[PDB]
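Peer 1: I'd like to ask you about the structure that follows.
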Amino acid sequence: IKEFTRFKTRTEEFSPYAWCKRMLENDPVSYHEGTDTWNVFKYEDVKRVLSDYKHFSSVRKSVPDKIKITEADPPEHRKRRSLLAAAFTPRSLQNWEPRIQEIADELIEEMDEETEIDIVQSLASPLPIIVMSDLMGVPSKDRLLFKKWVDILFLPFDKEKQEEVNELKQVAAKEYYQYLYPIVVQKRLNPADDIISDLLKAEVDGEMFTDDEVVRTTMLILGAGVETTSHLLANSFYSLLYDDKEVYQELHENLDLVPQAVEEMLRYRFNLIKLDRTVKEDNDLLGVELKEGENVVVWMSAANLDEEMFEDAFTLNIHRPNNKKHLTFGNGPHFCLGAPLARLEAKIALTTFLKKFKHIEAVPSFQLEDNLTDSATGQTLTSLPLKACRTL
Ligand code: HEM
């Protein structure tokens, strides 16, 4: 990432609109000598690379093998995805809503009007983690223990840390495994409505998981869904405090708008997300002769800001007809399997908050350049304080 983007400040990277703008207009398909990648930005072209597995492929450049789902095209992808999709059935999802609600209620009841609330510390970070501990079937008594390891492994470093992180991660990995494996063993014998039990009962094309593979699969799932869901929640409150005064009140008066607002956040405020493909059959299609083996990186963050697809692309507009056509969850066969959940967590989180709080206020003293740390998405809020106002 760093070797191509090169932002002078953390604030530039948290809000990279100008950079996306100028790439979309002045360099929509740029080669980069220093990393040996092509770089695609336009919406129609990004969508073509993500979906056309035949010309652009997910095979490229420990994790079970039968579940390296990202790293396979049709037709062997179908096997890997069906295997994992056993834990993400519409039945489970239906059951998850009330359990996601209770957790949201607990966290929001714990916030008080009188003080400044830190949204990252008190909602954006713990909700995805507490949620995933629940849907996994970790006992509530061990929830805080789970959170300790999930933090370290999966939440964007701490603020000040270095390469002794790699050692801290290695330990958390070892302790997580020690902790979870016996729960997997016990759910093999005595199953319940949770991801672990469903992964154990999964059979697809004569493949079943070992207990060890189930454990490593939960790490995959946490690794896919915690940083990302945390980031969406954080940036959703960021946007409500700084991008448009009125949007909060608007949602407060019409709670049926929350899902649209989530979609507009995925479009406009899920910044720097990108994906990788390798070329497997030569083509123009983009308007440059690409050869097999070259690395195409796509920048969905930018695609989501292409004026061709989105009217007033650089403006937070929750009423824009086609917000939901954003590429933040991908497109084509690899479309985020966790989208239903992620959309669900965000709707519940926001809705529950809006029901308790009529107004929110940004703290004048808040310096955005402090309070940002490096991550897989670019930068990410380590803190976000607000003042809020009870009832209606
Ligand atoms: C805001 C939240 C999230 C975003 C923006 C997001 C985004 C994405 C994107 C862009 C991909 C496509 C990867 C590719 O094409 O190479 C993807 C794949 C995936 N995501 Fe997510 N994700 C989110 C949350 C989750 C959650 C919560 C889970 C699981 C609980 C999850 C599980 C997955 C899985 C398994 C895949 C791979 C599916 C496949 O290759 O067939 N994600 N995600």
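If you're wondering about the labels, chains in the structure tokens are A, B, ... by order shown, residues count from 1 in each chain, ligands from 1 in order shown.
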Going by DSSP on the backbone, which bits of stretch 93-302 of chain A are alpha helix (DSSP H)? Write them as a short mmCIF file (atom, residue, chain, number, x, y, z; two decimals) with N, CA, C and O atoms, in the first residue's frame, please.
Peer 2:
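Contents of out_39.cif, freshly written:
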data_model
loop_
_atom_site.label_atom_id
_atom_site.label_comp_id
_atom_site.auth_asym_id
_atom_site.auth_seq_id
_atom_site.Cartn_x
_atom_site.Cartn_y
_atom_site.Cartn_z
N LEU A 93 -28.82 -16.63 10.57
CA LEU A 93 -28.90 -15.17 10.50
C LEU A 93 -30.17 -14.63 11.18
O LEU A 93 -30.11 -13.74 12.03
N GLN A 94 -31.30 -15.22 10.82
CA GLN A 94 -32.59 -15.01 11.49
C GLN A 94 -32.48 -15.17 12.99
O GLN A 94 -33.00 -14.38 13.72
N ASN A 95 -31.80 -16.21 13.45
CA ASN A 95 -31.60 -16.41 14.90
C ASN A 95 -30.65 -15.39 15.52
O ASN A 95 -30.81 -15.06 16.68
N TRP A 96 -29.68 -14.90 14.75
CA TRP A 96 -28.67 -13.96 15.27
C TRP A 96 -29.18 -12.58 15.63
O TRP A 96 -28.62 -11.95 16.53
N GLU A 97 -30.23 -12.11 14.94
CA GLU A 97 -30.71 -10.76 15.18
C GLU A 97 -31.01 -10.43 16.66
O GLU A 97 -30.44 -9.46 17.17
N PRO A 98 -31.87 -11.21 17.34
CA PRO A 98 -32.13 -10.92 18.79
C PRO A 98 -30.90 -10.95 19.72
O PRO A 98 -30.83 -10.19 20.68
N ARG A 99 -29.94 -11.81 19.41
CA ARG A 99 -28.69 -11.92 20.17
C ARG A 99 -27.79 -10.75 19.86
O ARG A 99 -27.11 -10.24 20.74
N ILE A 100 -27.77 -10.32 18.61
CA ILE A 100 -27.06 -9.09 18.31
C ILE A 100 -27.70 -7.88 18.98
O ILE A 100 -26.97 -6.98 19.44
N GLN A 101 -29.03 -7.86 19.03
CA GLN A 101 -29.74 -6.76 19.72
C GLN A 101 -29.41 -6.68 21.21
O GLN A 101 -29.16 -5.59 21.70
N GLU A 102 -29.42 -7.80 21.92
CA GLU A 102 -29.19 -7.74 23.37
C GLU A 102 -27.83 -7.14 23.67
O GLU A 102 -27.69 -6.27 24.53
N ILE A 103 -26.82 -7.60 22.94
CA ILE A 103 -25.47 -7.08 23.12
C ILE A 103 -25.40 -5.58 22.84
O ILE A 103 -24.72 -4.85 23.57
N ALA A 104 -26.08 -5.13 21.79
CA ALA A 104 -26.10 -3.71 21.46
C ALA A 104 -26.74 -2.90 22.63
O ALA A 104 -26.18 -1.88 23.08
N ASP A 105 -27.88 -3.38 23.10
CA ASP A 105 -28.55 -2.82 24.27
C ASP A 105 -27.62 -2.74 25.47
O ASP A 105 -27.56 -1.72 26.10
N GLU A 106 -26.90 -3.81 25.78
CA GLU A 106 -26.03 -3.79 26.96
C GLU A 106 -25.02 -2.66 26.83
O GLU A 106 -24.91 -1.84 27.73
N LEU A 107 -24.33 -2.59 25.70
CA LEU A 107 -23.29 -1.59 25.47
C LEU A 107 -23.81 -0.16 25.50
O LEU A 107 -23.12 0.73 26.00
N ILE A 108 -25.00 0.06 24.94
CA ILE A 108 -25.58 1.40 24.89
C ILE A 108 -26.24 1.80 26.21
O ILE A 108 -26.23 2.99 26.58
N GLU A 109 -26.80 0.85 26.93
CA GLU A 109 -27.27 1.17 28.25
C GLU A 109 -26.09 1.59 29.12
O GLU A 109 -26.21 2.49 29.93
N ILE A 119 -16.67 6.35 21.29
CA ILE A 119 -17.43 5.44 20.45
C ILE A 119 -16.65 4.20 20.04
O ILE A 119 -17.22 3.13 19.99
N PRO A 126 -15.87 -3.17 20.70
CA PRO A 126 -16.46 -4.34 21.38
C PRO A 126 -17.66 -5.01 20.70
O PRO A 126 -17.80 -6.24 20.84
N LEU A 127 -18.52 -4.28 19.98
CA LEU A 127 -19.70 -4.94 19.38
C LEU A 127 -19.36 -6.08 18.42
O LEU A 127 -19.89 -7.18 18.57
N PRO A 128 -18.49 -5.85 17.42
CA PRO A 128 -18.15 -6.99 16.56
C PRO A 128 -17.51 -8.14 17.32
O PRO A 128 -17.73 -9.30 16.96
N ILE A 129 -16.73 -7.84 18.36
CA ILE A 129 -16.05 -8.88 19.11
C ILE A 129 -17.00 -9.62 20.01
O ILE A 129 -17.01 -10.84 20.02
N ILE A 130 -17.80 -8.88 20.76
CA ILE A 130 -18.77 -9.52 21.62
C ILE A 130 -19.74 -10.35 20.76
O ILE A 130 -20.04 -11.49 21.11
N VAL A 131 -20.17 -9.78 19.64
CA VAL A 131 -21.05 -10.48 18.71
C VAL A 131 -20.44 -11.78 18.24
O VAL A 131 -21.12 -12.81 18.23
N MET A 132 -19.16 -11.75 17.87
CA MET A 132 -18.56 -12.94 17.29
C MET A 132 -18.29 -13.97 18.37
O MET A 132 -18.31 -15.15 18.10
N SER A 133 -18.07 -13.56 19.60
CA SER A 133 -17.92 -14.52 20.68
C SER A 133 -19.23 -15.25 20.90
O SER A 133 -19.23 -16.44 21.18
N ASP A 134 -20.34 -14.52 20.81
CA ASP A 134 -21.66 -15.10 20.97
C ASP A 134 -22.00 -16.06 19.83
O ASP A 134 -22.42 -17.18 20.08
N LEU A 135 -21.81 -15.65 18.58
CA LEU A 135 -22.29 -16.48 17.50
C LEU A 135 -21.42 -17.72 17.34
O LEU A 135 -21.81 -18.67 16.67
N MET A 136 -20.23 -17.67 17.93
CA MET A 136 -19.29 -18.77 17.90
C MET A 136 -19.62 -19.85 18.91
O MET A 136 -19.35 -21.04 18.66
N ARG A 143 -16.09 -14.31 27.70
CA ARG A 143 -16.18 -13.20 26.74
C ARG A 143 -15.06 -12.17 26.80
O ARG A 143 -14.52 -11.77 25.77
N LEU A 144 -14.72 -11.75 28.01
CA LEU A 144 -13.66 -10.76 28.23
C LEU A 144 -12.28 -11.34 27.93
O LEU A 144 -11.36 -10.66 27.49
N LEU A 145 -12.14 -12.64 28.16
CA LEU A 145 -10.91 -13.34 27.88
C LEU A 145 -10.71 -13.44 26.35
O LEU A 145 -9.67 -13.04 25.80
N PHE A 146 -11.75 -13.93 25.68
CA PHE A 146 -11.86 -13.86 24.23
C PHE A 146 -11.52 -12.49 23.65
O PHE A 146 -10.71 -12.36 22.73
N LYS A 147 -12.12 -11.45 24.22
CA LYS A 147 -11.87 -10.10 23.74
C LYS A 147 -10.41 -9.74 23.81
O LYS A 147 -9.89 -9.14 22.89
N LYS A 148 -9.74 -10.10 24.91
CA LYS A 148 -8.30 -9.84 25.04
C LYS A 148 -7.51 -10.39 23.85
O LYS A 148 -6.65 -9.67 23.34
N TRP A 149 -7.79 -11.62 23.41
CA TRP A 149 -7.01 -12.21 22.31
C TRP A 149 -7.42 -11.68 20.97
O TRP A 149 -6.55 -11.39 20.11
N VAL A 150 -8.73 -11.54 20.78
CA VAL A 150 -9.25 -11.00 19.52
C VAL A 150 -8.74 -9.56 19.24
O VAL A 150 -8.32 -9.29 18.13
N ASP A 151 -8.79 -8.68 20.24
CA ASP A 151 -8.08 -7.38 20.21
C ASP A 151 -6.69 -7.48 19.60
O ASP A 151 -6.42 -6.87 18.59
N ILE A 152 -5.83 -8.28 20.22
CA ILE A 152 -4.42 -8.32 19.86
C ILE A 152 -4.25 -8.83 18.43
O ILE A 152 -3.57 -8.20 17.60
N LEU A 153 -4.84 -9.98 18.16
CA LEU A 153 -4.69 -10.58 16.85
C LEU A 153 -5.28 -9.75 15.72
O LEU A 153 -4.66 -9.64 14.66
N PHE A 154 -6.47 -9.17 15.95
CA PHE A 154 -7.36 -8.71 14.87
C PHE A 154 -7.74 -7.24 14.86
O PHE A 154 -8.35 -6.79 13.89
N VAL A 165 5.10 -6.61 18.56
CA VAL A 165 3.74 -7.02 18.15
C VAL A 165 3.70 -8.44 17.58
O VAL A 165 2.86 -9.22 17.99
N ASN A 166 4.59 -8.76 16.64
CA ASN A 166 4.63 -10.10 16.04
C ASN A 166 4.76 -11.20 17.09
O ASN A 166 4.19 -12.27 16.92
N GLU A 167 5.50 -10.92 18.17
CA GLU A 167 5.67 -11.85 19.30
C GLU A 167 4.39 -11.90 20.14
O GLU A 167 3.97 -12.98 20.59
N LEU A 168 3.78 -10.74 20.38
CA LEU A 168 2.49 -10.67 21.12
C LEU A 168 1.34 -11.36 20.38
O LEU A 168 0.49 -11.99 20.99
N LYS A 169 1.32 -11.19 19.07
CA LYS A 169 0.38 -11.88 18.24
C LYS A 169 0.63 -13.37 18.32
O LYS A 169 -0.29 -14.14 18.58
N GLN A 170 1.88 -13.79 18.13
CA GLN A 170 2.18 -15.22 18.19
C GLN A 170 1.67 -15.86 19.51
O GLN A 170 1.12 -16.96 19.51
N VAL A 171 1.81 -15.14 20.63
CA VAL A 171 1.35 -15.69 21.89
C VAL A 171 -0.18 -15.76 21.95
O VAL A 171 -0.74 -16.80 22.31
N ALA A 172 -0.85 -14.66 21.62
CA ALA A 172 -2.31 -14.65 21.56
C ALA A 172 -2.89 -15.78 20.68
O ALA A 172 -3.86 -16.45 21.08
N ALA A 173 -2.26 -16.01 19.53
CA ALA A 173 -2.63 -17.12 18.66
C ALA A 173 -2.55 -18.45 19.39
O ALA A 173 -3.50 -19.23 19.35
N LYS A 174 -1.44 -18.66 20.09
CA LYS A 174 -1.22 -19.90 20.86
C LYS A 174 -2.22 -20.03 22.03
O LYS A 174 -2.75 -21.10 22.27
N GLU A 175 -2.55 -18.94 22.71
CA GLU A 175 -3.48 -19.00 23.82
C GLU A 175 -4.90 -19.16 23.37
O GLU A 175 -5.69 -19.83 24.06
N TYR A 176 -5.25 -18.49 22.27
CA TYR A 176 -6.58 -18.62 21.62
C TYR A 176 -6.85 -20.09 21.30
O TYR A 176 -7.82 -20.69 21.74
N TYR A 177 -5.94 -20.66 20.53
CA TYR A 177 -6.02 -22.06 20.17
C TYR A 177 -6.19 -22.97 21.40
O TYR A 177 -7.10 -23.76 21.46
N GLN A 178 -5.29 -22.86 22.38
CA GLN A 178 -5.41 -23.59 23.65
C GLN A 178 -6.80 -23.49 24.23
O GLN A 178 -7.30 -24.49 24.69
N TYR A 179 -7.37 -22.28 24.23
CA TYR A 179 -8.73 -21.98 24.75
C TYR A 179 -9.90 -22.53 23.93
O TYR A 179 -10.89 -23.05 24.50
N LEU A 180 -9.85 -22.34 22.62
CA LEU A 180 -10.99 -22.68 21.79
C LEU A 180 -11.10 -24.17 21.49
O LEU A 180 -12.22 -24.70 21.47
N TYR A 181 -9.98 -24.86 21.30
CA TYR A 181 -10.04 -26.23 20.81
C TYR A 181 -11.00 -27.10 21.65
O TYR A 181 -11.78 -27.87 21.09
N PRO A 182 -10.93 -27.01 23.00
CA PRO A 182 -11.83 -27.85 23.85
C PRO A 182 -13.30 -27.52 23.72
O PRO A 182 -14.17 -28.40 23.84
N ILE A 183 -13.60 -26.27 23.42
CA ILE A 183 -15.00 -25.90 23.07
C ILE A 183 -15.45 -26.55 21.76
O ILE A 183 -16.56 -27.05 21.68
N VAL A 184 -14.57 -26.58 20.77
CA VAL A 184 -14.84 -27.31 19.54
C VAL A 184 -15.05 -28.78 19.80
O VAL A 184 -15.97 -29.40 19.23
N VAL A 185 -14.17 -29.36 20.63
CA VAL A 185 -14.30 -30.80 20.94
C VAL A 185 -15.67 -31.09 21.57
O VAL A 185 -16.33 -32.07 21.23
N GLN A 186 -16.09 -30.22 22.46
CA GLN A 186 -17.30 -30.44 23.19
C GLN A 186 -18.53 -30.21 22.33
O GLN A 186 -19.56 -30.87 22.53
N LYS A 187 -18.44 -29.31 21.36
CA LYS A 187 -19.56 -29.10 20.44
C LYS A 187 -19.62 -30.14 19.35
O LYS A 187 -20.71 -30.37 18.82
N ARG A 188 -18.50 -30.80 19.01
CA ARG A 188 -18.59 -32.01 18.19
C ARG A 188 -19.57 -32.98 18.87
O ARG A 188 -20.52 -33.38 18.24
N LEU A 189 -19.38 -33.27 20.17
CA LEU A 189 -20.32 -34.14 20.89
C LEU A 189 -21.73 -33.53 21.17
O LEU A 189 -22.70 -34.26 21.17
N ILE A 195 -21.69 -21.01 15.19
CA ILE A 195 -20.82 -21.18 14.03
C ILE A 195 -19.98 -22.44 14.18
O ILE A 195 -19.92 -23.24 13.27
N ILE A 196 -19.39 -22.66 15.35
CA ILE A 196 -18.57 -23.85 15.58
C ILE A 196 -19.31 -25.14 15.30
O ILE A 196 -18.80 -25.98 14.55
N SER A 197 -20.49 -25.29 15.87
CA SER A 197 -21.32 -26.48 15.63
C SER A 197 -21.65 -26.69 14.16
O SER A 197 -21.49 -27.81 13.64
N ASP A 198 -22.04 -25.62 13.46
CA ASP A 198 -22.31 -25.70 12.03
C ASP A 198 -21.11 -26.02 11.20
O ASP A 198 -21.25 -26.77 10.21
N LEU A 199 -19.94 -25.48 11.54
CA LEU A 199 -18.75 -25.88 10.82
C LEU A 199 -18.42 -27.38 11.02
O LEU A 199 -17.96 -28.03 10.08
N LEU A 200 -18.69 -27.92 12.20
CA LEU A 200 -18.45 -29.36 12.47
C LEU A 200 -19.40 -30.28 11.70
O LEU A 200 -18.98 -31.34 11.28
N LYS A 201 -20.65 -29.89 11.53
CA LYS A 201 -21.60 -30.67 10.74
C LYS A 201 -21.50 -30.48 9.24
O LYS A 201 -22.18 -31.18 8.50
N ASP A 211 -11.20 -30.81 13.99
CA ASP A 211 -11.32 -29.85 15.10
C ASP A 211 -10.29 -28.75 14.98
O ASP A 211 -10.60 -27.58 15.18
N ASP A 212 -9.07 -29.14 14.65
CA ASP A 212 -8.02 -28.18 14.35
C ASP A 212 -8.42 -27.26 13.18
O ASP A 212 -8.23 -26.08 13.26
N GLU A 213 -8.98 -27.79 12.10
CA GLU A 213 -9.42 -26.91 10.98
C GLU A 213 -10.57 -25.96 11.35
O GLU A 213 -10.58 -24.80 10.90
N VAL A 214 -11.49 -26.42 12.19
CA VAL A 214 -12.56 -25.56 12.72
C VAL A 214 -11.96 -24.41 13.49
O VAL A 214 -12.36 -23.27 13.30
N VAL A 215 -10.98 -24.70 14.35
CA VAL A 215 -10.38 -23.64 15.15
C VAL A 215 -9.71 -22.64 14.26
O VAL A 215 -9.94 -21.47 14.42
N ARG A 216 -8.87 -23.10 13.33
CA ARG A 216 -8.18 -22.20 12.39
C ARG A 216 -9.16 -21.42 11.49
O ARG A 216 -8.82 -20.33 11.05
N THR A 217 -10.35 -21.99 11.23
CA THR A 217 -11.41 -21.35 10.44
C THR A 217 -12.08 -20.22 11.19
O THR A 217 -12.45 -19.19 10.61
N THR A 218 -12.28 -20.40 12.48
CA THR A 218 -12.78 -19.27 13.25
C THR A 218 -11.78 -18.11 13.21
O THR A 218 -12.20 -16.97 13.14
N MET A 219 -10.48 -18.39 13.17
CA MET A 219 -9.51 -17.30 13.11
C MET A 219 -9.62 -16.57 11.80
O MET A 219 -9.57 -15.35 11.77
N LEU A 220 -9.82 -17.33 10.74
CA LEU A 220 -10.11 -16.76 9.44
C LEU A 220 -11.34 -15.82 9.46
O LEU A 220 -11.29 -14.71 8.98
N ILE A 221 -12.40 -16.27 10.08
CA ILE A 221 -13.66 -15.54 10.12
C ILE A 221 -13.53 -14.26 10.93
O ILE A 221 -13.99 -13.18 10.49
N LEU A 222 -12.93 -14.37 12.10
CA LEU A 222 -12.59 -13.20 12.91
C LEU A 222 -11.71 -12.25 12.16
O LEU A 222 -11.94 -11.06 12.19
N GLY A 223 -10.72 -12.77 11.43
CA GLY A 223 -9.81 -11.96 10.66
C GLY A 223 -10.44 -11.25 9.50
O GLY A 223 -9.90 -10.25 9.03
N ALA A 224 -11.56 -11.77 9.02
CA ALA A 224 -12.30 -11.19 7.92
C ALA A 224 -13.33 -10.14 8.37
O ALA A 224 -13.75 -9.29 7.59
N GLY A 225 -13.79 -10.24 9.60
CA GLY A 225 -14.99 -9.54 9.96
C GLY A 225 -14.91 -8.62 11.15
O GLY A 225 -15.91 -7.98 11.46
N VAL A 226 -13.78 -8.55 11.83
CA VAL A 226 -13.70 -7.76 13.04
C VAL A 226 -13.13 -6.39 12.75
O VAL A 226 -13.72 -5.42 13.13
N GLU A 227 -11.95 -6.33 12.15
CA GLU A 227 -11.38 -5.04 11.79
C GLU A 227 -12.37 -4.30 10.88
O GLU A 227 -12.66 -3.15 11.09
N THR A 228 -12.93 -4.99 9.91
CA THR A 228 -13.77 -4.36 8.90
C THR A 228 -15.06 -3.84 9.49
O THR A 228 -15.48 -2.71 9.16
N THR A 229 -15.68 -4.65 10.34
CA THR A 229 -16.93 -4.20 10.94
C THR A 229 -16.64 -3.08 11.93
O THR A 229 -17.36 -2.11 12.00
N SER A 230 -15.56 -3.21 12.67
CA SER A 230 -15.19 -2.15 13.60
C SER A 230 -14.97 -0.81 12.90
O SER A 230 -15.43 0.23 13.39
N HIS A 231 -14.30 -0.85 11.74
CA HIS A 231 -13.97 0.32 10.93
C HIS A 231 -15.24 1.03 10.41
O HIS A 231 -15.34 2.25 10.42
N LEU A 232 -16.19 0.24 9.92
CA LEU A 232 -17.47 0.77 9.45
C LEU A 232 -18.22 1.47 10.54
O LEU A 232 -18.73 2.58 10.34
N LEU A 233 -18.33 0.84 11.70
CA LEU A 233 -19.01 1.47 12.83
C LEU A 233 -18.37 2.82 13.22
O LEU A 233 -19.05 3.85 13.32
N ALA A 234 -17.06 2.80 13.44
CA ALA A 234 -16.30 4.01 13.79
C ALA A 234 -16.52 5.11 12.80
O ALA A 234 -16.83 6.22 13.19
N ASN A 235 -16.33 4.82 11.53
CA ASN A 235 -16.43 5.86 10.50
C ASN A 235 -17.85 6.31 10.29
O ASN A 235 -18.06 7.45 9.87
N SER A 236 -18.82 5.45 10.59
CA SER A 236 -20.21 5.89 10.59
C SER A 236 -20.49 6.97 11.64
O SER A 236 -21.11 7.98 11.31
N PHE A 237 -20.00 6.82 12.86
CA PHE A 237 -20.14 7.92 13.81
C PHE A 237 -19.26 9.11 13.46
O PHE A 237 -19.64 10.25 13.69
N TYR A 238 -18.08 8.87 12.89
CA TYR A 238 -17.26 9.99 12.45
C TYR A 238 -18.07 10.84 11.47
O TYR A 238 -18.16 12.07 11.60
N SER A 239 -18.68 10.18 10.50
CA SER A 239 -19.38 10.93 9.47
C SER A 239 -20.55 11.72 10.03
O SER A 239 -20.74 12.90 9.69
N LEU A 240 -21.31 11.09 10.92
CA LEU A 240 -22.38 11.77 11.63
C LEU A 240 -21.96 12.98 12.48
O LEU A 240 -22.75 13.82 12.75
N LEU A 241 -20.72 13.04 12.93
CA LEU A 241 -20.19 14.18 13.67
C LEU A 241 -19.56 15.28 12.81
O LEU A 241 -19.57 16.44 13.23
N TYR A 242 -18.97 14.93 11.66
CA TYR A 242 -18.17 15.88 10.87
C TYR A 242 -18.52 16.10 9.40
O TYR A 242 -18.11 17.11 8.84
N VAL A 247 -27.57 15.00 9.15
CA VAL A 247 -27.86 13.58 8.92
C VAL A 247 -28.29 12.89 10.23
O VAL A 247 -29.22 12.12 10.24
N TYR A 248 -27.68 13.21 11.35
CA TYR A 248 -28.07 12.55 12.58
C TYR A 248 -29.56 12.75 12.89
O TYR A 248 -30.29 11.79 13.10
N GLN A 249 -29.97 14.01 12.95
CA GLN A 249 -31.35 14.38 13.20
C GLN A 249 -32.26 13.71 12.22
O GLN A 249 -33.31 13.17 12.60
N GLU A 250 -31.89 13.78 10.95
CA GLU A 250 -32.62 13.09 9.91
C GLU A 250 -32.89 11.61 10.23
O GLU A 250 -34.00 11.14 10.15
N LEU A 251 -31.86 10.90 10.64
CA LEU A 251 -32.03 9.48 10.95
C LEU A 251 -32.85 9.32 12.20
O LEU A 251 -33.64 8.39 12.29
N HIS A 252 -32.66 10.21 13.17
CA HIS A 252 -33.40 10.16 14.42
C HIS A 252 -34.93 10.23 14.24
O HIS A 252 -35.68 9.54 14.93
N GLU A 253 -35.35 11.05 13.29
CA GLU A 253 -36.73 11.22 12.93
C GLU A 253 -37.27 10.17 11.98
O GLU A 253 -38.48 10.00 11.86
N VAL A 258 -32.04 4.17 8.33
CA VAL A 258 -30.74 3.68 8.83
C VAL A 258 -30.04 2.76 7.81
O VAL A 258 -28.84 2.92 7.54
N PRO A 259 -30.79 1.85 7.19
CA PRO A 259 -30.07 0.96 6.26
C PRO A 259 -29.48 1.69 5.05
O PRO A 259 -28.38 1.34 4.60
N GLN A 260 -30.19 2.69 4.53
CA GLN A 260 -29.65 3.48 3.46
C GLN A 260 -28.39 4.18 3.93
O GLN A 260 -27.46 4.32 3.18
N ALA A 261 -28.39 4.67 5.16
CA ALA A 261 -27.24 5.42 5.67
C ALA A 261 -26.01 4.53 5.86
O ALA A 261 -24.89 4.92 5.54
N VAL A 262 -26.23 3.32 6.32
CA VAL A 262 -25.18 2.34 6.36
C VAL A 262 -24.57 2.16 4.95
O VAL A 262 -23.35 2.05 4.80
N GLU A 263 -25.41 2.10 3.92
CA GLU A 263 -24.92 1.83 2.56
C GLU A 263 -24.14 3.01 2.04
O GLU A 263 -23.14 2.82 1.34
N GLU A 264 -24.59 4.21 2.39
CA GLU A 264 -23.88 5.40 1.98
C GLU A 264 -22.53 5.50 2.68
O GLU A 264 -21.58 6.01 2.07
N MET A 265 -22.44 5.01 3.93
CA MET A 265 -21.16 4.93 4.65
C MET A 265 -20.23 3.92 4.04
O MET A 265 -19.03 4.12 4.03
N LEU A 266 -20.75 2.79 3.58
CA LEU A 266 -19.88 1.81 2.99
C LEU A 266 -19.32 2.42 1.73
O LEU A 266 -18.18 2.15 1.40
N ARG A 267 -20.11 3.23 1.03
CA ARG A 267 -19.68 3.83 -0.23
C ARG A 267 -18.62 4.90 -0.04
O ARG A 267 -17.66 4.95 -0.80
N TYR A 268 -18.82 5.77 0.94
CA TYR A 268 -18.11 7.06 1.05
C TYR A 268 -17.06 7.10 2.14
O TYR A 268 -16.12 7.89 2.06
N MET A 300 -11.45 -0.05 -4.72
CA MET A 300 -12.91 0.13 -4.61
C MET A 300 -13.27 1.48 -3.99
O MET A 300 -14.25 2.13 -4.37
N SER A 301 -12.44 1.92 -3.05
CA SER A 301 -12.68 3.20 -2.38
C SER A 301 -12.89 4.29 -3.45
O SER A 301 -13.81 5.08 -3.38
N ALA A 302 -12.03 4.26 -4.45
CA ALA A 302 -12.10 5.18 -5.58
C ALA A 302 -13.26 4.86 -6.50
O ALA A 302 -13.97 5.77 -6.93
#
Peer 1: I'd like the contact shell of stretch 375-387 of chain A - 10 Å cut-off, only C-alpha atoms, skipping same-chain residues fewer than 6 positions apart - returned as JSON, numbers by chain.
Peer 2: {"A": [1, 2, 5, 7, 10, 11, 12, 13, 14, 15, 16, 112, 113, 114, 115, 116, 117, 118, 119, 120, 121, 122, 124, 125, 155, 156, 157, 158, 159, 227, 228, 230, 231, 232, 234, 235, 237, 238, 241, 270, 271, 272, 273, 274, 301, 359, 360, 361, 362, 363, 364, 365, 366, 367, 368, 369]}
Peer 1: Ligand 1: which residues are within 6 Å, counting only C-alpha atoms and all ligand atoms, as a PyMOL selection string?
Peer 2: chain A and resi 69-70+81+221+224-225+228-229+232+275+328-330+333-339+341-342
Peer 1: Identify which of the residues A:243, A:299, A:17, A:8 lies closest to residue A:314, counting only C-alpha atoms when measuring atom-to-atom distances.
Peer 2: A:17
Peer 1: Restricting the calculation to only C-alpha atoms, which member of A:51, A:61, A:245, A:26 is positioned closest to residue A:293?
Peer 2: A:61
Peer 1: Which residue, A:296, A:348, A:389, A:372, has the smallest gap to residue A:35 when you use only C-alpha atoms?
Peer 2: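 Among the listed residues, the smallest separation from residue A:35 belongs to A:296.
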Peer 1: Name all residues at most 6 Å from residue A:30 (count only C-alpha atoms; drop same-chain ones fewer than 3 positions away) and give them as JSON, numbers by chain.
Peer 2: {"A": [27, 38, 39]}
Peer 1: With DSSP run on the backbone, what are the strand (DSSP E or B) residues within stretch 190-338 of chain A? I'd like them as an MDAnalysis selection string.
Peer 2: chainID A and resid 204 207 274:279 283 290 295:299
